[PDB]
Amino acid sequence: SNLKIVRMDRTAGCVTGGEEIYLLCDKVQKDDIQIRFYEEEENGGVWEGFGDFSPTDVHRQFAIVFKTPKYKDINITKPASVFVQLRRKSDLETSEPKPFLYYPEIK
């Protein structure tokens, strides 16, 4: 009932997205769950990205293997901190924000 992210193999990622992450969580249902990445903007709006994965990536209801979404700006030169959270689809309830760090692509 409560949504909780109890662990992530990694909490930083490249802005280019596409990187794979293991996440451990409290009970969830493979078809009623999503991983929302978000960042508060100056104007009050919010940038949001979703972790990519298929309900089969939801492991025995307690972990999700998925890939990170691309950050809003793949050019930043300094890391940009954002938030990640589990979000249930049926009621849009969410877990407590976890902090995620997007670092520049080094090209």
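Residue numbers run from 1 along the displayed sequence.
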Name the higher of the two by mean Cα B-factor in the PDB entry, 56-64 versus 41-49. 41-49
Highest-ranked of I35, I76, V28, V82 once sorted by CA temperature factor in the record: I76
Please place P99 in the lowest, middle or highest third of its chain by C-alpha B factor as given in the entry. highest
Ordered by C-alpha B-factor within the chain, which third holds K107? Give me lowest, middle or highest, please. highest
